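Worksheet: the structure to be examined is printed underneath.
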There are 2 protein chains.
Amino acid sequence: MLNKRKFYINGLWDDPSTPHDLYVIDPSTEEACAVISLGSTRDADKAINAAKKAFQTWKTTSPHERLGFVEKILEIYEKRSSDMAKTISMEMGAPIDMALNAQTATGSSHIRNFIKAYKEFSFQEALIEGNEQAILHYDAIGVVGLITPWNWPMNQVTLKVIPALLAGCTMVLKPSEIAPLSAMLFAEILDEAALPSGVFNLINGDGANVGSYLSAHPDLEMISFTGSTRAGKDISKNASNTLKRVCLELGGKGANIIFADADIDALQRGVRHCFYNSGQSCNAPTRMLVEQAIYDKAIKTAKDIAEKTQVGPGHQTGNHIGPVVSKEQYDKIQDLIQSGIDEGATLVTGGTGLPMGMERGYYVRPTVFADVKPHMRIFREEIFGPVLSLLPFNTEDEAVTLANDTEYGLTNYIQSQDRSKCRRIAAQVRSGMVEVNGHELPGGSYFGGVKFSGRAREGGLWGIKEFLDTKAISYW
Amino acid sequence: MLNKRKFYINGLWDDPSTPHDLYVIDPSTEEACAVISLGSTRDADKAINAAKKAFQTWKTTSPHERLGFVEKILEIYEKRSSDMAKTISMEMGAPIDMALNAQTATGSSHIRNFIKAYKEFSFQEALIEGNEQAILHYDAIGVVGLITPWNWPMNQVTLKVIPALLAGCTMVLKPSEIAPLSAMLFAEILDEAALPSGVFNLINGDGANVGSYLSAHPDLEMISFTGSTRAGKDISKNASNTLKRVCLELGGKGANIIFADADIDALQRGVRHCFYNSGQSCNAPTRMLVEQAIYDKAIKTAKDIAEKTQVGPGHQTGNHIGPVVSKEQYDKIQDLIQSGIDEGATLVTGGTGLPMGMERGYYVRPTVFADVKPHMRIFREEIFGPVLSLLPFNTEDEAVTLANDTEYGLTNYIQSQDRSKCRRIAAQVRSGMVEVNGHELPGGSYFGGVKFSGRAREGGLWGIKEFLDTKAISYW
Ligand code: NA
Ligand code: NA
């Protein structure tokens, strides 16, 4: 079992003020793989003090020198990529192939996209096009709090730490206490990159104590948070007394609108996307809304793909899905699956319990429901397991109404070979992102939602600017 | 006395659910000039219901038609400009000349600047320059809550209602209960413009009941608030449970850094700016930091200008300052003036009590303190009366330290004929805006601060975008 009790504060790994041990569980086995410390408010004060002190000199480094640190971080990140993949796989259950090619690789892709964006960005520019007197200046917002979850850990950590570096901020990161090891290795990457003492600090801890304490701390000027909508509301409440900037990346209940004229592979692509990372993706397309004409075909295709979707441990190679991350997550998912049965949805395949043959680990069966109705829990609540809900629609208006019947609005999805129809529907759905016909958003695009999904705009230029204040100077 | 008890809801002036009378006081006389109703949560629900219903059709109007309404609003606004000036003068005490040429005229200037900005704006554009596949879409954020204060009423109302119109939002405005009449006339302007029923709604009320209730209401997606920092924190707290966008324009404690090499008129300009609108400007330059070499000259100039600054009623023509807006404001200012004396600052001129000869009205004497120290209340707290604080500095670093010794950061000011020195200092002061050498920010620039001054970006393109969500479509 790994001894990982220390925090990274002011350039050094140090003990917490008081021991408060927590085992990190490997969800593929149910066994402890490491021990960490849950920090107290004193450990937070230490980290924040180190960051405030560093900021005074870090804010005066040139963009050139900051970019050089980020390039160095990328170089060491790539060198440690398979250590990172194994760590992620172990702590949160990602099957090892996808732990390397998606969990770890998205980190490197975000880093590169920040680099490209930074090269196009200037800290001064015209305030009004064609006025050569007044100027717009961007300033480091200050010392910031960063809070990341367990589901796509390096995706979420790189999206926050890199633009904060480039902006000239210093920071305290609290990663997820159920998957902190990847962040601790990221800490080692930054230390090996010789990032100046106090610029980056890592303390472990929980939401109710350390997370809330950071969000209310008077020496932080911003909190960047990725996590559940429930937690985001409390972050926002705690931050309001010091008028911090609050940037939130929260949950989703994505609709995938599939028309009869969708390309051949639309249905398969959709079902596969739902189960990817065992459904533990805030933007996963979990409500499949299918035109009446191909509804029976959709059910049949979802059934086939589900039955062919293997489940297996994180440590095994291949394209099975892994366990879900925790017992508590497993229990919530089982309850929601049972609710689908009890509320009268059609159970197409899968259901409650461990898949046949698995004796231990938080393995959830790939599950499909059909004839799901808007009032059902499985329609409304984010499940975060490999659980798809299908229902039909008859008109474009009905599809849009169903897609918009949610408080969330992260990514919605549309499949149709009719470009005009794609455009009409894309304009009417209420989300921060829309993926049409399996096309991903380009590198350097933002990632973020509207309404209960949060309104953060992470990635590329958007992401760098969340860590800057603007200043309008009337004569430069 | 004017009978003004009605609310403007769904295209009609109607009675409140239950009478709750409040006299509007004319601060030049201490007498009631009108009676209004303080609304309840039921009146708010009515207004919001009217707005939600209107939004369904208002969001589909073209930009062309929305601009046509705003042009019509401007035309009627200009037609009613001297009614507006008299109303503002009466309800909050602005001397009538400046009630027309600044209080009312800034409204028209903001409207025109939104018009210009709207003509440059498009609701779709490229997501990434040079990518012709993905597209950025702007969508009306939804039904919004607008809350405005008493000090620059039409400035603050036009900054909120016009960009919300152009963005395709519907809205409920609650103006200040101590200066609501100008907003009610603005309501009549919009009604005469034939703006569709329910697009714009006005209910009167207070902060603790109606203001808080709007900020927590589940059918509003955004709150735009201009007011005190204390109130902004509570707006933010109430809004967090529904994850609304919250845009805040709060108070300030502006530093005016005047070097020995400032232009001839720098000192006079500074003192005059402090007393303008009787100091009731969130961005007023209330801390004058003077290079040691010209400190005695600064004191002497401030004294002369103060002694020559006349006080008089709102209804009289001329360039005297008027009363402050209320008894409660007057009492707060007197307390802060007395604090300056008690804490040992040098009283240069003015002080406590009514100016000689004034028998009634909330008239505050133009007051100057010198040798003010950072711990003094008059240095730290926003006074909102005609009260200037002077102190010297010896080095550039000392000036910057003093200017940044505040939780506020709205507008800071720098006077020096050394352009290099202006640039160095402008880059180091921590504010959303910096006015150098008496140069105003250009039309279409934003107005807003950082930290405890809020981070709203009102005006021009910035202001239109605060009422829009962004949507990134991967294939258009
Ligand atoms: Na774990
Ligand atoms: Na009044």
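Labels for the structure tokens follow display order: chains A, B, ..., residues from 1 in each chain, ligands from 1.
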Shell of 7 Å around ligand 1 (only C-alpha atoms and all ligand atoms), written as a CSV table (one decimal) with N, CA, C and O atoms, in the first residue's frame:
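File part.csv, as written:
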```
chain,number,residue,atom,x,y,z
A,24,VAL,N,-7.2,5.3,0.0
A,24,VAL,CA,-7.7,5.4,-1.4
A,24,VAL,C,-8.0,4.0,-1.8
A,24,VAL,O,-7.2,3.1,-1.8
A,25,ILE,N,-9.3,3.7,-2.3
A,25,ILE,CA,-9.7,2.4,-2.7
A,25,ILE,C,-9.5,2.2,-4.2
A,25,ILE,O,-9.9,3.1,-5.0
A,26,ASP,N,-8.9,1.1,-4.6
A,26,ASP,CA,-8.9,0.6,-6.0
A,26,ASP,C,-10.3,-0.1,-6.2
A,26,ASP,O,-10.6,-1.1,-5.7
A,27,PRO,N,-11.2,0.6,-7.1
A,27,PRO,CA,-12.5,0.1,-7.3
A,27,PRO,C,-12.7,-1.2,-8.1
A,27,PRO,O,-13.7,-1.8,-8.1
A,91,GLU,N,-6.6,4.1,-9.2
A,91,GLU,CA,-7.4,4.9,-8.2
A,91,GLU,C,-8.9,5.1,-8.6
A,91,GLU,O,-9.7,5.2,-7.7
A,92,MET,N,-9.2,5.1,-9.9
A,92,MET,CA,-10.6,5.3,-10.2
A,92,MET,C,-11.2,4.3,-11.2
A,92,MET,O,-12.4,4.4,-11.5
A,178,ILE,N,-11.1,10.7,-3.3
A,178,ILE,CA,-11.2,9.3,-3.7
A,178,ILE,C,-10.4,9.0,-4.9
A,178,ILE,O,-10.3,7.8,-5.3
A,179,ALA,N,-9.7,10.0,-5.5
A,179,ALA,CA,-8.8,9.8,-6.6
A,179,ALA,C,-7.7,10.8,-6.7
A,179,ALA,O,-7.6,11.6,-7.7
A,325,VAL,N,-16.5,4.2,-9.7
A,325,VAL,CA,-15.3,4.6,-8.9
A,325,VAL,C,-15.4,4.2,-7.4
A,325,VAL,O,-14.4,4.0,-6.8
A,326,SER,N,-16.7,4.1,-6.9
A,326,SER,CA,-16.9,3.9,-5.4
A,326,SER,C,-18.1,3.1,-5.1
A,326,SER,O,-19.1,3.0,-5.9
```
For the helix (DSSP H, G or I) assignment from backbone DSSP, which residues of stretch 327-423 of chain A qualify? Please present them as an MDAnalysis selection string.
chainID A and resid 327:342 377:380 396:404 419:423
Could you please take those selected residues and save N, CA, C and O atoms as a short mmCIF file (atom, residue, chain, number, x, y, z; two decimals), in the first residue's frame?
```
data_model
loop_
_atom_site.label_atom_id
_atom_site.label_comp_id
_atom_site.auth_asym_id
_atom_site.auth_seq_id
_atom_site.Cartn_x
_atom_site.Cartn_y
_atom_site.Cartn_z
N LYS A 327 -18.15 2.68 -3.83
CA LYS A 327 -19.29 1.98 -3.24
C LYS A 327 -20.49 2.89 -3.21
O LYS A 327 -21.58 2.48 -3.61
N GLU A 328 -20.29 4.12 -2.76
CA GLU A 328 -21.35 5.13 -2.68
C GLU A 328 -21.92 5.45 -4.06
O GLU A 328 -23.15 5.61 -4.21
N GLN A 329 -21.04 5.59 -5.05
CA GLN A 329 -21.50 5.74 -6.44
C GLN A 329 -22.25 4.50 -6.94
O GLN A 329 -23.36 4.61 -7.47
N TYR A 330 -21.68 3.33 -6.72
CA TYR A 330 -22.37 2.09 -7.04
C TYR A 330 -23.76 2.03 -6.40
O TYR A 330 -24.72 1.75 -7.10
N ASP A 331 -23.88 2.34 -5.10
CA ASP A 331 -25.18 2.26 -4.44
C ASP A 331 -26.18 3.26 -5.06
O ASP A 331 -27.33 2.91 -5.30
N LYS A 332 -25.72 4.48 -5.36
CA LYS A 332 -26.60 5.50 -5.99
C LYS A 332 -27.11 5.02 -7.35
O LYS A 332 -28.27 5.22 -7.71
N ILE A 333 -26.22 4.37 -8.12
CA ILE A 333 -26.58 3.91 -9.46
C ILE A 333 -27.58 2.76 -9.37
O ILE A 333 -28.60 2.72 -10.11
N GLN A 334 -27.30 1.82 -8.47
CA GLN A 334 -28.24 0.70 -8.26
C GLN A 334 -29.63 1.21 -7.91
O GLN A 334 -30.64 0.72 -8.43
N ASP A 335 -29.67 2.22 -7.04
CA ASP A 335 -30.96 2.80 -6.62
C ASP A 335 -31.69 3.41 -7.82
O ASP A 335 -32.92 3.26 -7.98
N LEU A 336 -30.93 4.07 -8.69
CA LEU A 336 -31.54 4.74 -9.84
C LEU A 336 -32.01 3.70 -10.85
O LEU A 336 -33.10 3.84 -11.42
N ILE A 337 -31.21 2.65 -11.06
CA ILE A 337 -31.64 1.53 -11.94
C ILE A 337 -32.96 0.90 -11.40
O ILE A 337 -33.96 0.79 -12.13
N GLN A 338 -32.96 0.54 -10.12
CA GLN A 338 -34.17 0.02 -9.48
C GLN A 338 -35.37 0.98 -9.66
O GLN A 338 -36.48 0.53 -10.00
N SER A 339 -35.13 2.29 -9.53
CA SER A 339 -36.19 3.30 -9.76
C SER A 339 -36.78 3.22 -11.17
O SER A 339 -38.02 3.44 -11.38
N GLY A 340 -35.93 2.93 -12.15
CA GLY A 340 -36.38 2.82 -13.54
C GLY A 340 -37.34 1.67 -13.65
O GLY A 340 -38.40 1.78 -14.25
N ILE A 341 -36.98 0.55 -13.05
CA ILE A 341 -37.88 -0.62 -13.01
C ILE A 341 -39.20 -0.27 -12.30
O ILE A 341 -40.28 -0.43 -12.87
N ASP A 342 -39.10 0.30 -11.11
CA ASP A 342 -40.29 0.59 -10.29
C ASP A 342 -41.21 1.60 -10.89
O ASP A 342 -42.42 1.53 -10.70
N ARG A 377 -37.23 9.34 -12.59
CA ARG A 377 -35.95 9.73 -12.05
C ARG A 377 -34.80 9.54 -13.05
O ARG A 377 -33.88 10.36 -13.07
N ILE A 378 -34.84 8.46 -13.84
CA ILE A 378 -33.73 8.16 -14.76
C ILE A 378 -33.67 9.18 -15.90
O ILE A 378 -32.62 9.35 -16.51
N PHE A 379 -34.80 9.85 -16.18
CA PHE A 379 -34.83 10.94 -17.15
C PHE A 379 -34.23 12.22 -16.56
O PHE A 379 -33.56 12.97 -17.26
N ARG A 380 -34.42 12.46 -15.25
CA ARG A 380 -34.10 13.77 -14.67
C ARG A 380 -32.77 13.84 -13.99
O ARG A 380 -32.13 14.89 -14.00
N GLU A 396 -40.21 17.70 -34.71
CA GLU A 396 -39.01 18.45 -34.33
C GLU A 396 -39.27 19.19 -33.01
O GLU A 396 -38.43 19.15 -32.10
N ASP A 397 -40.42 19.87 -32.90
CA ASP A 397 -40.80 20.57 -31.65
C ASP A 397 -40.79 19.66 -30.43
O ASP A 397 -40.40 20.09 -29.36
N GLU A 398 -41.26 18.44 -30.59
CA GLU A 398 -41.34 17.48 -29.49
C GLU A 398 -39.92 17.09 -29.05
O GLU A 398 -39.61 16.99 -27.86
N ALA A 399 -39.03 16.90 -30.02
CA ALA A 399 -37.63 16.58 -29.71
C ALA A 399 -36.95 17.71 -28.93
O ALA A 399 -36.25 17.47 -27.94
N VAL A 400 -37.17 18.95 -29.38
CA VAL A 400 -36.59 20.11 -28.73
C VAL A 400 -37.15 20.27 -27.31
O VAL A 400 -36.40 20.56 -26.38
N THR A 401 -38.46 20.07 -27.15
CA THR A 401 -39.10 20.19 -25.85
C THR A 401 -38.51 19.19 -24.88
O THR A 401 -38.12 19.54 -23.79
N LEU A 402 -38.47 17.93 -25.29
CA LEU A 402 -37.84 16.88 -24.48
C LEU A 402 -36.36 17.19 -24.16
O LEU A 402 -35.94 17.07 -23.03
N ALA A 403 -35.59 17.57 -25.17
CA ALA A 403 -34.16 17.88 -24.95
C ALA A 403 -33.99 19.02 -23.93
O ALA A 403 -33.07 18.99 -23.10
N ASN A 404 -34.89 20.00 -23.97
CA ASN A 404 -34.81 21.15 -23.07
C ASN A 404 -35.50 20.96 -21.72
O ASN A 404 -35.42 21.85 -20.88
N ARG A 419 -28.62 18.87 -43.15
CA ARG A 419 -27.82 19.95 -42.55
C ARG A 419 -28.71 21.09 -42.04
O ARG A 419 -28.49 21.59 -40.90
N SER A 420 -29.74 21.43 -42.83
CA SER A 420 -30.75 22.39 -42.42
C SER A 420 -31.44 22.01 -41.14
O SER A 420 -31.67 22.86 -40.28
N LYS A 421 -31.84 20.75 -41.05
CA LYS A 421 -32.49 20.27 -39.85
C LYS A 421 -31.51 20.30 -38.63
O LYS A 421 -31.84 20.73 -37.53
N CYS A 422 -30.28 19.89 -38.86
CA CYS A 422 -29.25 20.01 -37.83
C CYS A 422 -29.16 21.45 -37.31
O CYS A 422 -29.07 21.66 -36.10
N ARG A 423 -29.19 22.42 -38.21
CA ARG A 423 -29.05 23.81 -37.84
C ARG A 423 -30.24 24.31 -37.05
O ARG A 423 -30.05 24.95 -36.02
#
```
Please report as CSV every residue of chain B lying within 12 Å of ligand 2, along with the nearest atom pair and their distance in Å (one decimal), using only C-alpha atoms and all ligand atoms.
```
residue,atom,partner,partner_atom_place_in_ligand_line,distance
B:22,CA,ligand 2,1 (Na),10.5
B:23,CA,ligand 2,1 (Na),8.3
B:24,CA,ligand 2,1 (Na),4.9
B:25,CA,ligand 2,1 (Na),4.2
B:26,CA,ligand 2,1 (Na),5.2
B:27,CA,ligand 2,1 (Na),6.1
B:28,CA,ligand 2,1 (Na),9.4
B:29,CA,ligand 2,1 (Na),10.4
B:30,CA,ligand 2,1 (Na),9.0
B:31,CA,ligand 2,1 (Na),9.4
B:32,CA,ligand 2,1 (Na),8.3
B:33,CA,ligand 2,1 (Na),8.3
B:34,CA,ligand 2,1 (Na),9.1
B:35,CA,ligand 2,1 (Na),10.6
B:36,CA,ligand 2,1 (Na),11.2
B:87,CA,ligand 2,1 (Na),10.2
B:88,CA,ligand 2,1 (Na),9.0
B:89,CA,ligand 2,1 (Na),9.5
B:90,CA,ligand 2,1 (Na),7.6
B:91,CA,ligand 2,1 (Na),4.2
B:92,CA,ligand 2,1 (Na),4.8
B:93,CA,ligand 2,1 (Na),7.7
B:94,CA,ligand 2,1 (Na),10.7
B:149,CA,ligand 2,1 (Na),11.1
B:150,CA,ligand 2,1 (Na),7.9
B:151,CA,ligand 2,1 (Na),10.0
B:153,CA,ligand 2,1 (Na),11.4
B:175,CA,ligand 2,1 (Na),11.9
B:176,CA,ligand 2,1 (Na),9.0
B:177,CA,ligand 2,1 (Na),7.8
B:178,CA,ligand 2,1 (Na),4.2
B:179,CA,ligand 2,1 (Na),4.7
B:180,CA,ligand 2,1 (Na),8.0
B:181,CA,ligand 2,1 (Na),8.9
B:182,CA,ligand 2,1 (Na),10.7
B:314,CA,ligand 2,1 (Na),11.7
B:323,CA,ligand 2,1 (Na),10.8
B:324,CA,ligand 2,1 (Na),9.6
B:325,CA,ligand 2,1 (Na),6.1
B:326,CA,ligand 2,1 (Na),6.6
B:327,CA,ligand 2,1 (Na),9.8
B:328,CA,ligand 2,1 (Na),11.2
B:329,CA,ligand 2,1 (Na),11.1
B:361,CA,ligand 2,1 (Na),11.3
B:362,CA,ligand 2,1 (Na),10.8
```
Taking only C-alpha atoms into account, report as a PyMOL selection string which residues of chain A lie within 8 Å of chain B. chain A and resi 127-128+134+137+221+233-234+236-238+240-244+419+422-423+426-427+431-437+439-442+444-446+450-452+454+469-476
Those of stretch 46-161 of chain A in DSSP strand (DSSP E or B), formatted as a VMD selection string = chain A and resid 124 to 126 135 to 140 143 to 147
Separating atom CA of residue B:15 from atom CA of residue B:58, to the nearest tenth of an Å, is a gap of 25.3 Å
With only C-alpha atoms counted and 10 Å as the cut-off, give the residues of stretch 45-65 of chain B in contact with stretch 193-197 of chain B, each with its shortest interatomic distance in Å and the pair that gives it, as CSV.
```
residue,atom,partner,partner_atom,distance
B:50,CA,B:197,CA,7.8
B:51,CA,B:197,CA,8.4
B:53,CA,B:197,CA,9.4
B:54,CA,B:197,CA,6.8
B:57,CA,B:196,CA,9.5
B:58,CA,B:196,CA,7.9
```
Residue with the minimum atom-to-atom distance to residue A:166, picked from A:258, A:274, A:456, A:115 with only C-alpha atoms counted, is A:115
When you look at residue B:226 with a cut-off of 6 Å (counting only C-alpha atoms), what residues show up, excluding the ones that are within fewer than 3 positions of it in the same chain? I need them as a PyMOL selection string. chain B and resi 148+248-250
Within 9 Å of residue A:12 using only C-alpha atoms, minus same-chain residues under 4 positions, as a PDB file with N, CA, C and O atoms, in the first residue's frame:
```pdb
ATOM      1  N   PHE A   7       1.555  16.632   1.893  1.00  0.00           N
ATOM      2  CA  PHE A   7       1.044  17.724   1.052  1.00  0.00           C
ATOM      3  C   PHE A   7       2.227  18.430   0.371  1.00  0.00           C
ATOM      4  O   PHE A   7       3.341  18.341   0.854  1.00  0.00           O
ATOM      5  N   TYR A   8       1.992  19.077  -0.769  1.00  0.00           N
ATOM      6  CA  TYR A   8       3.049  19.801  -1.480  1.00  0.00           C
ATOM      7  C   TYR A   8       2.808  21.303  -1.279  1.00  0.00           C
ATOM      8  O   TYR A   8       1.876  21.910  -1.861  1.00  0.00           O
ATOM      9  N   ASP A 191       7.091  19.940  -9.675  1.00  0.00           N
ATOM     10  CA  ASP A 191       8.267  20.081  -8.845  1.00  0.00           C
ATOM     11  C   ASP A 191       9.534  19.801  -9.659  1.00  0.00           C
ATOM     12  O   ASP A 191      10.496  20.529  -9.562  1.00  0.00           O
ATOM     13  N   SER A 197       8.912  27.975  -5.791  1.00  0.00           N
ATOM     14  CA  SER A 197       8.242  27.630  -4.543  1.00  0.00           C
ATOM     15  C   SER A 197       6.985  28.459  -4.248  1.00  0.00           C
ATOM     16  O   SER A 197       6.995  29.691  -4.253  1.00  0.00           O
TER      17      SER A 197
END
```
Just want the 7 Å neighbourhood of residue A:200, counted on only C-alpha atoms, with same-chain residues fewer than 2 positions away dropped. Output as a short mmCIF file (atom, residue, chain, number, x, y, z; two decimals) with N, CA, C and O atoms, in the first residue's frame.
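Wrote it out as around.cif, contents follow:
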```cif
data_model
loop_
_atom_site.label_atom_id
_atom_site.label_comp_id
_atom_site.auth_asym_id
_atom_site.auth_seq_id
_atom_site.Cartn_x
_atom_site.Cartn_y
_atom_site.Cartn_z
N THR A 170 -0.97 32.38 -8.68
CA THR A 170 -0.52 31.26 -7.85
C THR A 170 -1.79 30.57 -7.31
O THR A 170 -2.93 31.10 -7.43
N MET A 171 -1.65 29.37 -6.77
CA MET A 171 -2.85 28.51 -6.59
C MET A 171 -2.71 27.47 -5.49
O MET A 171 -1.61 27.03 -5.20
N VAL A 172 -3.85 27.09 -4.93
CA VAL A 172 -3.97 25.91 -4.09
C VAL A 172 -4.97 24.98 -4.73
O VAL A 172 -6.13 25.34 -4.97
N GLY A 198 5.88 27.78 -4.00
CA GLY A 198 4.65 28.44 -3.59
C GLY A 198 3.71 28.79 -4.73
O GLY A 198 2.53 29.17 -4.49
N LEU A 202 -0.52 21.77 -3.26
CA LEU A 202 -1.51 20.71 -3.23
C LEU A 202 -1.75 20.27 -1.79
O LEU A 202 -0.79 19.92 -1.08
#
```
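Proximity ranking of A:218, A:107, A:95, A:254 relative to residue A:311 places A:95 first, based on only C-alpha atoms.
For the atom pair formed by atom CA of residue B:101 and atom CA of residue B:82, the distance is 9.9 Å, given to one decimal.
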Checklist entry - Neighbours of residue A:252 within 7 Å (only C-alpha atoms; same-chain residues fewer than 6 positions away dropped), as JSON, numbers by chain? => result {"A": [282, 283, 382, 408, 409, 410, 453]}
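You can rank B:386, B:60, B:147, B:347 by their closest distance to residue B:215 using only C-alpha atoms, and at the top of that list sits B:147.
What separates atom CA of residue B:463 from atom CA of residue B:164 is a distance of 8.6 Å.
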